[PDB]
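Undergrad: Quick one: structure below, then a few questions.
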Amino acid sequence: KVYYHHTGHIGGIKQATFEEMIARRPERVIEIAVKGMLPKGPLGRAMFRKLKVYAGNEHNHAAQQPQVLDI
Amino acid sequence: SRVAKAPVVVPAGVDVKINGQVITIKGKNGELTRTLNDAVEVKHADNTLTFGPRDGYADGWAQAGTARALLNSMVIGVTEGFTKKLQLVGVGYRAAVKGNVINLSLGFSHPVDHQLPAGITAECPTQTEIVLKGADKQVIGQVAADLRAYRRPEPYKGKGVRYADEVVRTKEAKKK
Amino acid sequence: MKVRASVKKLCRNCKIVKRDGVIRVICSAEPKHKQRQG
Amino acid sequence: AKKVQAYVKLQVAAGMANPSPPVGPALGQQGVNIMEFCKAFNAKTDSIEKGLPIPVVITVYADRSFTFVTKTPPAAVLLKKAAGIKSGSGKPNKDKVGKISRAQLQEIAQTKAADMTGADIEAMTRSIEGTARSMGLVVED
Amino acid sequence: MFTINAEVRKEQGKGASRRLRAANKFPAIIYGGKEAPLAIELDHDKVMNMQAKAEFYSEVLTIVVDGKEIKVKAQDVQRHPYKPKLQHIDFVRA
Amino acid sequence: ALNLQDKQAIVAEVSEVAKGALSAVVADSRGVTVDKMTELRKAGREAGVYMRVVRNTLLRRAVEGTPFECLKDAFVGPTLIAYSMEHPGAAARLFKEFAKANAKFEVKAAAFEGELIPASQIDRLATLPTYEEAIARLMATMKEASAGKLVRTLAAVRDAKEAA
RNA sequence: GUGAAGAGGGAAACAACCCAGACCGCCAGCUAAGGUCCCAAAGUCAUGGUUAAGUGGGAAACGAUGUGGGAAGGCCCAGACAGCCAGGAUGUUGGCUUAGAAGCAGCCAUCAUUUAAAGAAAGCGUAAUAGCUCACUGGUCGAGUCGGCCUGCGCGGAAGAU
RNA sequence: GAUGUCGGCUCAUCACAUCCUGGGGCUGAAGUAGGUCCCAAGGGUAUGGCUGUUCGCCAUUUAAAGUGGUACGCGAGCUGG
């Protein structure tokens with residue numbers, strides 16, 4: 001699992017292992033895991049902007065009184 | 001499968017502490033002796049270790065023999081201690097311990113900084129003779145294994161650090 | 001090691017053992033037998 | 001492995017184990033000092049004819065002290081003398097360089113009797129048959 | 001040597017034989033003498049792993065069906081085009 | 001079933017000779033070592049002793065199908081069994097012939113005419129006076145009991161009454 | 001047959017494929033092929049078997065002590081299987097070859113002998129002799145194991161202009 | 001009712017089946033060196049001549065003188081042999 005991209009430069013694919021992506025900047029494994037689950041352009045941007053992950057275990061969301069949900 | 005059927009019957013005075021799947025073997029004359037059984041479920045009884053299938057795996061007897069082997073090796077490590085005297089052939093190489101550190105030369109311009117895991121201790125009578133002491137059968141060979149990283153018994157003239165069983169065997173040119 | 005395909009028994013101690021999805025010939029007579037893949 | 005074997009093999013002429021080449025390398029390789037063996041073999045060789053190579057089978061302890069059985073000359077030396085042959089054919093069965101009767105064979109077999117383990121003087125004879133066969137003597141009834 | 005069983009054929013035709021082979025059963029007949037051929041169904045892997053010994057064919061067979069026993073020896077074998085598996089075997093009274 | 005008869009036959013074969021033996025002797029080696037065994041077969045044909053080397057699986061199944069005397073505790077661990085139905089002293093002599101290039105503590109026990117003979121005692125049976133020397137010790141024993149003991153006691157009560 | 005002379009459903013969709021043959025309208029309902037975690041309409045479906053490869057969900061030659069089940073069968077506590085240890089002998093360091101030439105440098109013999117027992121040797125090995133594992137024998141050893149065959153599942157072979 | 005060419009220059013780009021350093025197995029490899037040999041697309045990757053020349057030959061550099069594709073890349077960039 002190496003998260004394939006070609007943003008625009010240099011011969012080759014460029015890559016990053018799932019482990020680098022969870023150990024450093026940990027948001028992104030789960031971020032580009034839900035990305036492909038939402039439709040096309042406009043509706044898929046509109047569904048996405050409601051979510052936040054931050055880095056992990058550093059949340060600021062005490063004051064709203066969050067409703068717990070188990071998966 | 002016959003060595004998965006061995007009831008072990010652990011010795012008197014070895015402390016085998018069971019958290020269900022995690023087992024910690026303690027006693028005198030070594031440190032840091034443990035197993036995480038993850039493929040197989042291990043019940044202790046009072047001392048008769050019994051091996052069977054774990055949730056989310058399908059292979060059988062295959063790690064149950066390993067559990068037997070690995071738990072009993074550990075038990076045997078704390079009781080008598082498995083042989084401790086290790087040694088190397090080839091002039092000018094060495095493995096002289098000075099404290100927690102193993103001093104050797106490889107012609108390198110840096111200090112090699114080869115050092116012991118926390119799960120072993122060592123001392124040396126002579127610069128080519130090393131005695132590693134502990135009660136985990138895996139660790140004593142894991143530091144040997146790193147010592148061997150660039151000093152394997154060579155396949156021609158055989159020089160290297162020599163210990164226990166090793167799967168390079170040495171070979172000859174065709175017979176004279 | 002040479003990469004190859006299909007593993008055969010070169011000497012009476014070629015055990016032949018499956019490490020990952022590739023079968024290694026590992027022998028304990030001669031170091032000469034290490035075919036990496038099967 | 002102790003690296004111990006009973007009945008390690010040697011063949012050296014009864015007056016020539018004073019030099020090392022007639023003993024060859026093997027003895028040295030299992031660590032029996034050649035002079036010490038030479039003195040001990042000389043004490044037991046006087047009823048044996050000199051220069052006839054005697055097989056001697058040694059059993060060895062840990063500390064490399066050694067014990068030795070000395071034997072009457074090979075069935076192959078005796079068979080060469082009795083057939084009027086210097087040497088064997090160098091091919092078994094196909095090549096003939098002579099012939100042997102049973103009565104010359106039963107006496108070769110008694111000359112080995114105290115070394116031969118067999119329970120019958122016929123079994124002992126039977127054992128030396130394939131030694132005549134190898135050297136191009138036909139064993140005739 | 002072998003003591004086996006058989007059933008008499010419920011269904012005949014091509015359409016009928018193929019639903020037995022879907023179920024890992026196969027057919028037979030015992031011919032010879034003055035008397036009729038007894039058409040029968042067998043179980044496939046009952047005789048496949050017997051016929052691993054050469055004794056299924058070298059020695060006669062006890063085949064009991066509706067309590068009738070006549071004694072029999074194997075005859076010529078029909079096998080599937082590209083599998084050794086038995087499509088049909090013939091038998092003669094012995 | 002077995003592929004061969006050798007393992008099942010030998011159980012019957014060992015019980016047969018070993019009830020019958022007037023002496024047999026059960027001794028230890030786990031690899032009897034060839035120089036000595038062949039030297040014990042060489043001599044064995046002089047003396048008329050027979051020797052089999054035999055597994056504790058066979059010896060246990062033998063005790064189970066057939067009753068044995070005074071050897072069936074010495075079958076435990078690695079075992080040779082040498083046995084004689086004739087000249088019982090010679091069976092025991094064979095162990096002093098094996099003791100010469102090898103160890104004498106290896107006997108666990110023996111039986112001799114239904115008697116248990118313990119490991120230490122059998123070195124004495126193997127000493128084996130000849131018939132003239134046997135008659136002569138039977139006389140020393142009777143001349144001892146006759147006149148030697150007689151004076152031995154009367155001196156020992158005379159010393160004791162004499163007071164200091 | 002379908003398109004040509006056809007809507008609508010599914011397929012990453014096309015001209016032809018699988019369903020099917022658009023009268024128009026109805027915030028009606030069912031069923032088809034094709035679907036049923038999100039994308040996206042419905043099953044993270046229940047029951048039993050099985051696998052470590054994202055195999056599944058990309059193809060052949062070919063091969064192997066990768067992995068499981070099965071019935072029929074040999075071995076199968078009278079002790080397997082074969083690991084671990086220990087013996088591995090008597091003529092014999094057989095003949096030739098050689099300083100020695102020893103099962104294993106090369107070649108021919110390829111056996112016989114006391115044996116409860118050890119091939120004049122399968123494989124290794126100072127290049128060779130020496131030592132070594134190996135059945136078989138005797139300690140440990142007290143249960144599965146192997147050939148045939150049916151069968152679920154795996155493997156590498158399968159490296160490219162973006 | 002048209003994607004318009006070779007050789008060369010300019011400017012590049014992507015596949016690794018890597019020209020090379022680098023890590024490492026085998027070797028009938030003593031060590032060195034080579035043969036054998038797996039990983040790897042990151043970076044650097046020479047120049048004058050003759051011919052219309054792809055291809056050729058020669059002189060020379062470089063530790064070294066690579067492999068493949070782009071309307072036979074690239075005239076809504078350059079030539080008219």
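Naming works like this for the structure tokens: A, B, ... for the chains as they're shown, residue 1 at the start of each chain, ligands 1 onward in shown order.
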Could you list, as an NGL selection string, every residue within 10 Å of residue D:86, counting only C-alpha atoms (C1' of nucleotides) and ignoring same-chain residues fewer than 5 positions away?
TA: :D and (77 or 79-81 or 97)
Undergrad: Taking N, CA and C atoms for each residue, export the selection above as a PDB file, in the first residue's frame.
TA:
```
ATOM      1  N   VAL D  77      48.132 -61.025   0.400  1.00  0.00           N
ATOM      2  CA  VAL D  77      49.539 -61.332   0.316  1.00  0.00           C
ATOM      3  C   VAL D  77      49.794 -62.845   0.147  1.00  0.00           C
ATOM      4  N   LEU D  79      47.807 -65.218  -0.949  1.00  0.00           N
ATOM      5  CA  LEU D  79      47.188 -65.720  -2.177  1.00  0.00           C
ATOM      6  C   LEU D  79      48.178 -65.431  -3.338  1.00  0.00           C
ATOM      7  N   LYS D  80      48.804 -64.252  -3.388  1.00  0.00           N
ATOM      8  CA  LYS D  80      49.868 -63.859  -4.290  1.00  0.00           C
ATOM      9  C   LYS D  80      51.061 -64.826  -4.150  1.00  0.00           C
ATOM     10  N   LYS D  81      51.534 -65.141  -2.925  1.00  0.00           N
ATOM     11  CA  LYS D  81      52.588 -66.085  -2.773  1.00  0.00           C
ATOM     12  C   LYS D  81      52.177 -67.504  -3.362  1.00  0.00           C
ATOM     13  N   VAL D  97      44.600 -64.185 -13.906  1.00  0.00           N
ATOM     14  CA  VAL D  97      46.037 -64.346 -13.676  1.00  0.00           C
ATOM     15  C   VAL D  97      46.365 -65.612 -12.889  1.00  0.00           C
TER      16      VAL D  97
END
```
Undergrad: Determine, counting only C-alpha atoms (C1' of nucleotides), which protein, DNA and RNA residues have an atom within 10 Å of an atom of residue E:29; residues of the same chain fewer than 5 positions away are not included. Present the result as a PyMOL selection string.
TA: chain E and resi 8-9+36-41+88-92
Undergrad: For residue B:152, find every residue with an atom within 8 Å (counting only C-alpha atoms (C1' of nucleotides)), except residues of its own chain fewer than 6 positions away, and show them as a list in words.
TA: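 Once the adjacent positions are removed, what remains is residues 159, 160 and 161 of chain B.
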Undergrad: So that I have them on file, write out the residues from the current selection with N, CA and C atoms, as a PDB file, in the first residue's frame.
TA:
```pdb
ATOM      1  N   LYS B 159      36.204 -18.623   7.961  1.00  0.00           N
ATOM      2  CA  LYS B 159      36.486 -17.709   9.099  1.00  0.00           C
ATOM      3  C   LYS B 159      35.244 -16.820   9.368  1.00  0.00           C
ATOM      4  N   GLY B 160      35.060 -16.600  10.647  1.00  0.00           N
ATOM      5  CA  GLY B 160      33.892 -15.964  11.200  1.00  0.00           C
ATOM      6  C   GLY B 160      33.675 -16.316  12.686  1.00  0.00           C
ATOM      7  N   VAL B 161      32.697 -15.608  13.208  1.00  0.00           N
ATOM      8  CA  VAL B 161      32.156 -15.948  14.532  1.00  0.00           C
ATOM      9  C   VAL B 161      31.261 -17.258  14.373  1.00  0.00           C
TER      10      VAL B 161
END
```
Undergrad: Please report as a list in words which residues of chain E come no farther than 12 Å from chain G, using only C-alpha atoms (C1' of nucleotides).
TA: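 Selected residues: residues 2, 4, 24, 43, 44, 45, 46, 47, 48, 49, 50, 51, 52, 53, 54, 55, 56, 83, 84, 85 and 86 of chain E.
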Undergrad: In Å, how far is it from atom CA of residue B:77 to atom CA of residue B:136?
TA: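 So the two atoms, atom CA of residue B:77 and atom CA of residue B:136, lie 5.9 Å apart.
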Undergrad: Can you work out the spacing between atom CA of residue A:33 and atom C1' of residue G:154 in Å, to one decimal?
TA: 28.9 Å
Undergrad: Rounded to one decimal place, report the atom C1' of residue G:134-atom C1' of residue G:121 distance in Å.
TA: 10.1 Å
Undergrad: Within 12 Å of stretch 64-74 of chain F, counting only C-alpha atoms (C1' of nucleotides), which residues qualify if same-chain residues fewer than 2 places away don't, as an MDAnalysis selection string?
TA: (chainID F and resid 8 11:28 56:62 76:83 106:119) or (chainID G and resid 78)
Undergrad: Per DSSP on the backbone, what are the helix (DSSP H, G or I) residues of chain D, as a PDB file with N, CA, C and O atoms, in the first residue's frame?
TA:
```
ATOM      1  N   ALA D  26      46.994 -41.053   7.774  1.00  0.00           N
ATOM      2  CA  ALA D  26      45.738 -41.268   8.421  1.00  0.00           C
ATOM      3  C   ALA D  26      45.928 -41.346   9.943  1.00  0.00           C
ATOM      4  O   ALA D  26      45.106 -40.793  10.767  1.00  0.00           O
ATOM      5  N   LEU D  27      46.986 -42.009  10.356  1.00  0.00           N
ATOM      6  CA  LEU D  27      47.245 -42.243  11.757  1.00  0.00           C
ATOM      7  C   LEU D  27      47.486 -40.940  12.628  1.00  0.00           C
ATOM      8  O   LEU D  27      46.826 -40.777  13.669  1.00  0.00           O
ATOM      9  N   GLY D  28      48.324 -40.125  12.031  1.00  0.00           N
ATOM     10  CA  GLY D  28      48.609 -38.772  12.354  1.00  0.00           C
ATOM     11  C   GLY D  28      47.283 -37.966  12.417  1.00  0.00           C
ATOM     12  O   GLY D  28      47.116 -37.159  13.310  1.00  0.00           O
ATOM     13  N   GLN D  29      46.362 -38.257  11.499  1.00  0.00           N
ATOM     14  CA  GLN D  29      45.180 -37.411  11.410  1.00  0.00           C
ATOM     15  C   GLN D  29      44.218 -37.697  12.563  1.00  0.00           C
ATOM     16  O   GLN D  29      43.701 -36.667  13.099  1.00  0.00           O
ATOM     17  N   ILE D  34      53.471 -41.226  15.817  1.00  0.00           N
ATOM     18  CA  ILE D  34      53.934 -42.340  15.004  1.00  0.00           C
ATOM     19  C   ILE D  34      55.028 -43.209  15.630  1.00  0.00           C
ATOM     20  O   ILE D  34      54.934 -44.431  15.463  1.00  0.00           O
ATOM     21  N   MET D  35      55.977 -42.602  16.385  1.00  0.00           N
ATOM     22  CA  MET D  35      57.040 -43.272  17.095  1.00  0.00           C
ATOM     23  C   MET D  35      56.459 -44.114  18.212  1.00  0.00           C
ATOM     24  O   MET D  35      56.866 -45.264  18.338  1.00  0.00           O
ATOM     25  N   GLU D  36      55.507 -43.655  18.972  1.00  0.00           N
ATOM     26  CA  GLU D  36      54.936 -44.390  20.071  1.00  0.00           C
ATOM     27  C   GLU D  36      54.222 -45.678  19.560  1.00  0.00           C
ATOM     28  O   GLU D  36      54.403 -46.711  20.192  1.00  0.00           O
ATOM     29  N   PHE D  37      53.537 -45.593  18.437  1.00  0.00           N
ATOM     30  CA  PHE D  37      52.992 -46.690  17.730  1.00  0.00           C
ATOM     31  C   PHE D  37      54.070 -47.576  17.162  1.00  0.00           C
ATOM     32  O   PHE D  37      53.912 -48.765  17.241  1.00  0.00           O
ATOM     33  N   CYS D  38      55.112 -47.090  16.596  1.00  0.00           N
ATOM     34  CA  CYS D  38      56.180 -47.866  16.104  1.00  0.00           C
ATOM     35  C   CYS D  38      56.814 -48.667  17.175  1.00  0.00           C
ATOM     36  O   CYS D  38      57.209 -49.833  16.820  1.00  0.00           O
ATOM     37  N   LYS D  39      57.075 -48.206  18.388  1.00  0.00           N
ATOM     38  CA  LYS D  39      57.680 -49.006  19.441  1.00  0.00           C
ATOM     39  C   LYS D  39      56.776 -50.120  19.873  1.00  0.00           C
ATOM     40  O   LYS D  39      57.277 -51.248  19.983  1.00  0.00           O
ATOM     41  N   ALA D  40      55.499 -49.852  20.085  1.00  0.00           N
ATOM     42  CA  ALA D  40      54.456 -50.799  20.509  1.00  0.00           C
ATOM     43  C   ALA D  40      54.174 -51.872  19.480  1.00  0.00           C
ATOM     44  O   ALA D  40      54.089 -53.070  19.849  1.00  0.00           O
ATOM     45  N   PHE D  41      54.343 -51.564  18.167  1.00  0.00           N
ATOM     46  CA  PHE D  41      54.065 -52.543  17.118  1.00  0.00           C
ATOM     47  C   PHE D  41      55.283 -53.522  17.016  1.00  0.00           C
ATOM     48  O   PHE D  41      55.161 -54.788  16.955  1.00  0.00           O
ATOM     49  N   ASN D  42      56.498 -52.956  17.135  1.00  0.00           N
ATOM     50  CA  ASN D  42      57.728 -53.777  17.206  1.00  0.00           C
ATOM     51  C   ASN D  42      57.813 -54.834  18.335  1.00  0.00           C
ATOM     52  O   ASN D  42      58.476 -55.853  18.192  1.00  0.00           O
ATOM     53  N   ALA D  75      45.019 -62.065   3.530  1.00  0.00           N
ATOM     54  CA  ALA D  75      44.674 -63.174   2.635  1.00  0.00           C
ATOM     55  C   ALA D  75      45.241 -62.774   1.274  1.00  0.00           C
ATOM     56  O   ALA D  75      45.755 -63.641   0.612  1.00  0.00           O
ATOM     57  N   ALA D  76      45.166 -61.524   0.808  1.00  0.00           N
ATOM     58  CA  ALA D  76      45.774 -61.075  -0.451  1.00  0.00           C
ATOM     59  C   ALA D  76      47.259 -61.251  -0.596  1.00  0.00           C
ATOM     60  O   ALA D  76      47.741 -61.654  -1.642  1.00  0.00           O
ATOM     61  N   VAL D  77      48.132 -61.025   0.400  1.00  0.00           N
ATOM     62  CA  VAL D  77      49.539 -61.332   0.316  1.00  0.00           C
ATOM     63  C   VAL D  77      49.794 -62.845   0.147  1.00  0.00           C
ATOM     64  O   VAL D  77      50.615 -63.291  -0.631  1.00  0.00           O
ATOM     65  N   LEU D  78      49.047 -63.681   0.926  1.00  0.00           N
ATOM     66  CA  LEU D  78      49.265 -65.145   0.970  1.00  0.00           C
ATOM     67  C   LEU D  78      48.864 -65.797  -0.381  1.00  0.00           C
ATOM     68  O   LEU D  78      49.441 -66.779  -0.888  1.00  0.00           O
ATOM     69  N   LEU D  79      47.807 -65.218  -0.949  1.00  0.00           N
ATOM     70  CA  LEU D  79      47.188 -65.720  -2.177  1.00  0.00           C
ATOM     71  C   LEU D  79      48.178 -65.431  -3.338  1.00  0.00           C
ATOM     72  O   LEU D  79      48.309 -66.293  -4.144  1.00  0.00           O
ATOM     73  N   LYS D  80      48.804 -64.252  -3.388  1.00  0.00           N
ATOM     74  CA  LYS D  80      49.868 -63.859  -4.290  1.00  0.00           C
ATOM     75  C   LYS D  80      51.061 -64.826  -4.150  1.00  0.00           C
ATOM     76  O   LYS D  80      51.464 -65.409  -5.158  1.00  0.00           O
ATOM     77  N   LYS D  81      51.534 -65.141  -2.925  1.00  0.00           N
ATOM     78  CA  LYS D  81      52.588 -66.085  -2.773  1.00  0.00           C
ATOM     79  C   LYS D  81      52.177 -67.504  -3.362  1.00  0.00           C
ATOM     80  O   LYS D  81      52.895 -68.057  -4.137  1.00  0.00           O
ATOM     81  N   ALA D  82      51.015 -68.047  -2.968  1.00  0.00           N
ATOM     82  CA  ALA D  82      50.557 -69.408  -3.406  1.00  0.00           C
ATOM     83  C   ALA D  82      50.238 -69.632  -4.851  1.00  0.00           C
ATOM     84  O   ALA D  82      50.325 -70.764  -5.327  1.00  0.00           O
ATOM     85  N   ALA D  83      49.842 -68.558  -5.509  1.00  0.00           N
ATOM     86  CA  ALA D  83      49.497 -68.652  -6.996  1.00  0.00           C
ATOM     87  C   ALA D  83      50.679 -68.459  -7.950  1.00  0.00           C
ATOM     88  O   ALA D  83      50.597 -68.608  -9.197  1.00  0.00           O
ATOM     89  N   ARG D 102      40.396 -75.440  -3.234  1.00  0.00           N
ATOM     90  CA  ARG D 102      39.825 -75.174  -1.856  1.00  0.00           C
ATOM     91  C   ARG D 102      40.861 -75.431  -0.761  1.00  0.00           C
ATOM     92  O   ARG D 102      40.885 -74.735   0.245  1.00  0.00           O
ATOM     93  N   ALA D 103      41.753 -76.449  -0.930  1.00  0.00           N
ATOM     94  CA  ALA D 103      42.729 -76.856   0.130  1.00  0.00           C
ATOM     95  C   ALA D 103      43.827 -75.855   0.412  1.00  0.00           C
ATOM     96  O   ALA D 103      44.105 -75.668   1.598  1.00  0.00           O
ATOM     97  N   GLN D 104      44.293 -75.161  -0.602  1.00  0.00           N
ATOM     98  CA  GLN D 104      45.149 -74.017  -0.378  1.00  0.00           C
ATOM     99  C   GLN D 104      44.317 -72.844   0.333  1.00  0.00           C
ATOM    100  O   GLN D 104      44.795 -72.296   1.303  1.00  0.00           O
ATOM    101  N   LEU D 105      43.070 -72.552  -0.063  1.00  0.00           N
ATOM    102  CA  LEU D 105      42.166 -71.631   0.581  1.00  0.00           C
ATOM    103  C   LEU D 105      41.818 -71.919   2.058  1.00  0.00           C
ATOM    104  O   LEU D 105      41.841 -70.906   2.753  1.00  0.00           O
ATOM    105  N   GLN D 106      41.533 -73.217   2.484  1.00  0.00           N
ATOM    106  CA  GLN D 106      41.200 -73.544   3.856  1.00  0.00           C
ATOM    107  C   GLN D 106      42.414 -73.271   4.808  1.00  0.00           C
ATOM    108  O   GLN D 106      42.221 -72.928   5.999  1.00  0.00           O
ATOM    109  N   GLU D 107      43.670 -73.441   4.338  1.00  0.00           N
ATOM    110  CA  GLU D 107      44.855 -73.122   5.077  1.00  0.00           C
ATOM    111  C   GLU D 107      45.096 -71.619   5.164  1.00  0.00           C
ATOM    112  O   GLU D 107      45.503 -71.149   6.209  1.00  0.00           O
ATOM    113  N   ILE D 108      44.844 -70.849   4.089  1.00  0.00           N
ATOM    114  CA  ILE D 108      44.870 -69.355   4.151  1.00  0.00           C
ATOM    115  C   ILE D 108      43.816 -68.965   5.258  1.00  0.00           C
ATOM    116  O   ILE D 108      44.222 -68.156   6.130  1.00  0.00           O
ATOM    117  N   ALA D 109      42.599 -69.582   5.271  1.00  0.00           N
ATOM    118  CA  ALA D 109      41.560 -69.314   6.166  1.00  0.00           C
ATOM    119  C   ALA D 109      41.888 -69.653   7.655  1.00  0.00           C
ATOM    120  O   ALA D 109      41.552 -68.858   8.552  1.00  0.00           O
ATOM    121  N   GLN D 110      42.549 -70.722   8.035  1.00  0.00           N
ATOM    122  CA  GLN D 110      43.091 -71.066   9.339  1.00  0.00           C
ATOM    123  C   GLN D 110      44.222 -70.064   9.748  1.00  0.00           C
ATOM    124  O   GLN D 110      44.441 -69.921  10.919  1.00  0.00           O
ATOM    125  N   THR D 111      44.984 -69.529   8.778  1.00  0.00           N
ATOM    126  CA  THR D 111      46.102 -68.599   9.106  1.00  0.00           C
ATOM    127  C   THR D 111      45.565 -67.295   9.616  1.00  0.00           C
ATOM    128  O   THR D 111      46.251 -66.617  10.350  1.00  0.00           O
ATOM    129  N   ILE D 121      35.180 -72.816  10.598  1.00  0.00           N
ATOM    130  CA  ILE D 121      36.330 -72.747   9.755  1.00  0.00           C
ATOM    131  C   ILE D 121      35.856 -72.692   8.235  1.00  0.00           C
ATOM    132  O   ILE D 121      36.555 -72.125   7.375  1.00  0.00           O
ATOM    133  N   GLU D 122      34.627 -73.146   7.859  1.00  0.00           N
ATOM    134  CA  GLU D 122      34.051 -72.967   6.539  1.00  0.00           C
ATOM    135  C   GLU D 122      33.592 -71.578   6.313  1.00  0.00           C
ATOM    136  O   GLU D 122      33.930 -71.044   5.194  1.00  0.00           O
ATOM    137  N   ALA D 123      32.868 -70.924   7.274  1.00  0.00           N
ATOM    138  CA  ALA D 123      32.534 -69.493   7.198  1.00  0.00           C
ATOM    139  C   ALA D 123      33.788 -68.663   6.983  1.00  0.00           C
ATOM    140  O   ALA D 123      33.696 -67.768   6.127  1.00  0.00           O
ATOM    141  N   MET D 124      34.857 -68.848   7.702  1.00  0.00           N
ATOM    142  CA  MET D 124      36.130 -68.071   7.544  1.00  0.00           C
ATOM    143  C   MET D 124      36.628 -68.191   6.081  1.00  0.00           C
ATOM    144  O   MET D 124      36.768 -67.128   5.527  1.00  0.00           O
ATOM    145  N   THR D 125      36.742 -69.408   5.510  1.00  0.00           N
ATOM    146  CA  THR D 125      37.075 -69.653   4.112  1.00  0.00           C
ATOM    147  C   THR D 125      36.186 -68.910   3.187  1.00  0.00           C
ATOM    148  O   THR D 125      36.760 -68.246   2.325  1.00  0.00           O
ATOM    149  N   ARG D 126      34.888 -68.928   3.508  1.00  0.00           N
ATOM    150  CA  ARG D 126      33.911 -68.293   2.680  1.00  0.00           C
ATOM    151  C   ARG D 126      34.139 -66.755   2.490  1.00  0.00           C
ATOM    152  O   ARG D 126      33.657 -66.198   1.494  1.00  0.00           O
ATOM    153  N   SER D 127      34.719 -66.112   3.574  1.00  0.00           N
ATOM    154  CA  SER D 127      34.965 -64.687   3.694  1.00  0.00           C
ATOM    155  C   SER D 127      36.092 -64.249   2.747  1.00  0.00           C
ATOM    156  O   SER D 127      36.033 -63.127   2.212  1.00  0.00           O
ATOM    157  N   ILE D 128      37.139 -65.132   2.532  1.00  0.00           N
ATOM    158  CA  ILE D 128      38.401 -64.810   1.779  1.00  0.00           C
ATOM    159  C   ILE D 128      38.245 -65.091   0.247  1.00  0.00           C
ATOM    160  O   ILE D 128      39.051 -64.624  -0.535  1.00  0.00           O
ATOM    161  N   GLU D 129      37.178 -65.849  -0.101  1.00  0.00           N
ATOM    162  CA  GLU D 129      36.714 -66.148  -1.433  1.00  0.00           C
ATOM    163  C   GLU D 129      36.679 -64.843  -2.256  1.00  0.00           C
ATOM    164  O   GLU D 129      37.287 -64.892  -3.287  1.00  0.00           O
ATOM    165  N   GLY D 130      35.990 -63.770  -1.795  1.00  0.00           N
ATOM    166  CA  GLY D 130      35.833 -62.590  -2.577  1.00  0.00           C
ATOM    167  C   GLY D 130      37.166 -61.804  -2.650  1.00  0.00           C
ATOM    168  O   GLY D 130      37.278 -61.013  -3.566  1.00  0.00           O
ATOM    169  N   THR D 131      38.086 -61.960  -1.776  1.00  0.00           N
ATOM    170  CA  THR D 131      39.484 -61.490  -1.842  1.00  0.00           C
ATOM    171  C   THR D 131      40.335 -62.207  -2.963  1.00  0.00           C
ATOM    172  O   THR D 131      40.993 -61.476  -3.752  1.00  0.00           O
ATOM    173  N   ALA D 132      40.221 -63.547  -3.092  1.00  0.00           N
ATOM    174  CA  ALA D 132      40.733 -64.273  -4.334  1.00  0.00           C
ATOM    175  C   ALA D 132      40.075 -63.803  -5.589  1.00  0.00           C
ATOM    176  O   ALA D 132      40.822 -63.563  -6.577  1.00  0.00           O
ATOM    177  N   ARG D 133      38.753 -63.525  -5.585  1.00  0.00           N
ATOM    178  CA  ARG D 133      37.981 -63.176  -6.782  1.00  0.00           C
ATOM    179  C   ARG D 133      38.420 -61.804  -7.284  1.00  0.00           C
ATOM    180  O   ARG D 133      38.679 -61.603  -8.508  1.00  0.00           O
ATOM    181  N   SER D 134      38.633 -60.812  -6.355  1.00  0.00           N
ATOM    182  CA  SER D 134      39.074 -59.512  -6.694  1.00  0.00           C
ATOM    183  C   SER D 134      40.480 -59.522  -7.401  1.00  0.00           C
ATOM    184  O   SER D 134      40.712 -58.741  -8.329  1.00  0.00           O
TER     185      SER D 134
END
```
Undergrad: Tell me, as a ChimeraX atom specification, which residues lie within 12 Å of residue A:31, counting only C-alpha atoms (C1' of nucleotides); anything in the same chain fewer than 3 positions away does not count.
TA: /A:3,21-22,25-28,34-38,48-49,51-55
Undergrad: Extract, using only C-alpha atoms (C1' of nucleotides), all DNA, RNA and protein residues at most 12 Å from residue D:31, discarding same-chain residues fewer than 6 positions from it, and format them as a list in words.
TA: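 Those residues are residues 3, 4, 8, 25, 37, 58, 60, 61, 62, 63, 64, 65 and 66 of chain D; 130 and 131 of chain G.
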Undergrad: Enumerate as a ChimeraX atom specification all residues of stretch 71-140 of chain B assigned to strand (DSSP E) by DSSP on the backbone, naming them with the chain letters and numbers the document uses.
TA: /B:85-89,96-98,101-103,114-115,121-126,129-133
Undergrad: Here is a test: counting only C-alpha atoms, which residue of D:67, D:10, D:115, D:47 is nearest to residue F:42?
TA: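 When distances to residue F:42 are compared using only C-alpha atoms, the smallest one comes from D:115.
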Undergrad: Check every residue of chain D for an atom within 8 Å of chain F, counting only C-alpha atoms, and provide those that qualify as a VMD selection string.
TA: chain D and resid 6 to 7 59 117 119
Undergrad: Would you mind listing, for every residue of stretch 12-105 of chain G within 7 Å of stretch 2-26 of chain C, the two atoms forming the shortest contact and the distance between them in Å to one decimal, using only C-alpha atoms (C1' of nucleotides), sorted by chain and ascending residue number, as CSV?
TA:
```
residue,atom,partner,partner_atom,distance
G:62,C1',C:6,CA,7.0
G:63,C1',C:6,CA,4.7
G:64,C1',C:7,CA,5.4
G:66,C1',C:18,CA,5.7
```
